[PDB]
Amino acid sequence: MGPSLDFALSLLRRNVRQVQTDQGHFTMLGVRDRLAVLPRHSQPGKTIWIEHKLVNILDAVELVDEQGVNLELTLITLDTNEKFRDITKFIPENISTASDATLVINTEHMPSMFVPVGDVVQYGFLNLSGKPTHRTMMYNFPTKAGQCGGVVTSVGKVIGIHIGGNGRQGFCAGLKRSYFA
Ligand SMILES: *[C@@H](O)[C@H](C[C@@H]1CCNC1=O)NC(=O)[C@H](Cc1ccccc1)NC(=O)OCc1ccccc1
């Protein structure tokens, strides 16, 4: 097996989880220790369904930028015995573009799903469903409902979380290492 496949599959095994909130099915990224991230609009509550069980959420932080603008990410601290394999080193210090990225999705409906989204480019400002949002990036692929939280990956890097799409193109909230410090 080659390297990109090995990395993506290992993400699925160790870091990318099927979840369900009152808002539906999402892909969750576990980053390190008991810390994971979801799209804000998933609206995680006091508990969350993760894979085969109900998991209590100890803390939720909805990230905003310096001007108070939505970043569309919620950091959740889980009440679990597992420490996620720490993937912070794979997350760039700054929001970074990529060539020929793969969107990795893991939901009950879309389990272990790999989607070649192509190049990922800087986008910045996006108004999504009436919520102005910052630090987004864009790919020319027609992403669909059910794919939010999907992990944007390229060449051993983990660069965004899928948050929306307009039927022709898809958008992620960009990841930076400091979010998870
Ligand atoms: C995952 O929840 C979902 C994925 C979308 C649906 C169709 N294709 C996709 O990739 N995301 C949404 O439906 C978001 C939800 C949202 C996000 C932030 C605040 C509130 C709600 N909404 C969305 O994608 O609207 C369509 C859109 C997106 C970007 C520009 C124009 C229109």
Side-chain angles (χ1 to χ4, degrees), residues 8 11-12 15-31 36-51 55 57 59-76 78 91 95-154 157-176 179-180:
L11 274 184
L12 273 178
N15 298 88
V16 182
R17 304 282 190 254
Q18 306 179 349
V19 310
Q20 287 182 67
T21 69
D22 286 351
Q23 292 300 117
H25 292 81
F26 298 86
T27 299
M28 184 182 74
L29 179 67
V31 174
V37 65
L38 286 163
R40 190 202 45 85
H41 64 267
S42 74
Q43 289 153 60
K46 301 308 177 193
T47 66
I48 188 166
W49 185 262
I50 305 175
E51 297 287 345
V55 180
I57 291 174
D59 186 51
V61 171
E62 299 180 356
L63 298 175
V64 300
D65 75 4
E66 296 237 67
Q67 317 134 23
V69 185
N70 179 56
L71 297 181
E72 195 53 29
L73 297 165
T74 300
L75 300 177
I76 65 179
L78 305 169
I91 301 181
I95 301 185
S96 303
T97 60
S99 289
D100 228 312
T102 300
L103 179 60
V104 178
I105 295 146
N106 199 25
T107 275
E108 172 186 333
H109 296 330
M110 287 178 261
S112 292
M113 185 187 191
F114 288 10
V115 174
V117 292
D119 299 349
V120 177
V121 311
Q122 303 284 24
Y123 203 87
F125 175 102
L126 184 77
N127 179 309
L128 264 166
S129 304
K131 194 93 162 129
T133 300
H134 235 309
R135 298 196 196 162
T136 75
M137 294 187 290
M138 182 276 284
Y139 17 101
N140 285 144
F141 190 91
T143 49
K144 86 177 59 200
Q147 288 176 339
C148 282
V151 181
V152 181
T153 68
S154 174
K157 298 207 212 87
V158 178
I159 69 179
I161 295 293
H162 190 70
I163 67 166
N166 63 18
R168 296 172 308 277
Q169 310 170 289
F171 301 92
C172 62
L175 294 183
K176 63 199 284 191
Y179 294 161
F180 310 104

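All ligand and atom numbering here is 1-based and tracks the order in the structure. Residues: numbered from 1 along the sequence shown. All values below come from the heavy atoms of this structure, side chains included, with hydrogens, waters and symmetry mates left out.
Taking any N or O of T143, backbone or side chain, at least one lies under 3.5 Å from an N or O belonging to ligand 1. Note: no N/O pair closer than 3.5 Å links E72 and ligand 1 by distance alone. Polar contact with ligand 1: absent for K131 (N/O pair, distance under 3.5 Å). Remark: ligand 1 and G165 share an N or O pair separated by less than 3.5 Å (distance only, no angle test). The shortest N/O to N/O separation between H41 and ligand 1 falls below 3.5 Å.
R40 counts as a contact of ligand 1, since one of its heavy atoms falls under 4.0 Å from the ligand. At least one heavy atom of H162 sits less than 4.0 Å from an atom of ligand 1. A heavy-atom separation below 4.0 Å is found between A145 and ligand 1.
Residue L126 holds the heavy atom nearest to atom 30 (C) of ligand 1 of all those in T133, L103, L126.
Side-chain N/O atoms of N70 and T133 include a donor and acceptor closer than 3.5 Å. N140 and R168 form no side-chain donor-acceptor contact under 3.5 Å, judged by distance and modelled atom types alone. In summary, the side chains of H41 and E72 do present a donor paired with an acceptor at a separation below 3.5 Å, with no hydrogens or angles considered.
Of all atoms in ligand 1, numbered sequentially from 1 with element shown, those under 4.0 Å from a heavy atom of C148 are 1 (C), 2 (O), 3 (C), 4 (C), 11 (N). Listed by atom number, the atoms of ligand 1 under 4.0 Å from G164 heavy atoms are 4 (C), 5 (C), 9 (C), 10 (O), 11 (N), 24 (O). Taking every non-hydrogen atom of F171 and a distance limit under 4.0 Å, the qualifying atoms of ligand 1 come out as 29 (C).
With hydrogens left out, the protein atom closest to atom 25 (O) of ligand 1 is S129 OG, 3.4 Å, a heavy atom. Here the heavy atom of the protein found nearest to atom 12 (C) of ligand 1 is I163 O, 3.8 Å. For atom 31 (C) of ligand 1, the closest non-hydrogen atom on the protein side is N166 CB, 4.0 Å. For atom 29 (C) of ligand 1, the closest non-hydrogen atom on the protein side is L128 CD2, 3.3 Å.
Ring-plane geometry between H109 and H25 is classed as tilted, the angle between the planes lying from 30 to 60 degrees on a 0 to 90 degree scale. The aromatic rings of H162 and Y139 are tilted relative to each other, their planes meeting at an angle between 30° and 60°.
There is a protein heavy atom closer than 4.0 angstrom to atom 2 (O) of ligand 1.
Shown here is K157, whose NZ atom has no more than 12 heavy atoms of other residues, nucleotides or ligands within 6.0 Å. Other residues, nucleotides and ligands contribute at most 12 non-hydrogen atoms within 6.0 Å of the CG atom of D22. More than 12 heavy-atom neighbours from other residues, nucleotides or ligands sit within 6.0 angstrom of CZ on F171.
Here the straight-line distance linking atom OG of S112 with atom CG of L12 works out to 4.5 Å at 0.5 Å rounding.
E51 places a side-chain N or O within donor-acceptor distance of the main-chain N or O of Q18, the cut-off being under 3.5 Å.
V55 pairs with exactly one of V19, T47, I50 by the side chain to side chain contact (heavy atoms under 4.5 Å, CB included) rule, that one being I50.
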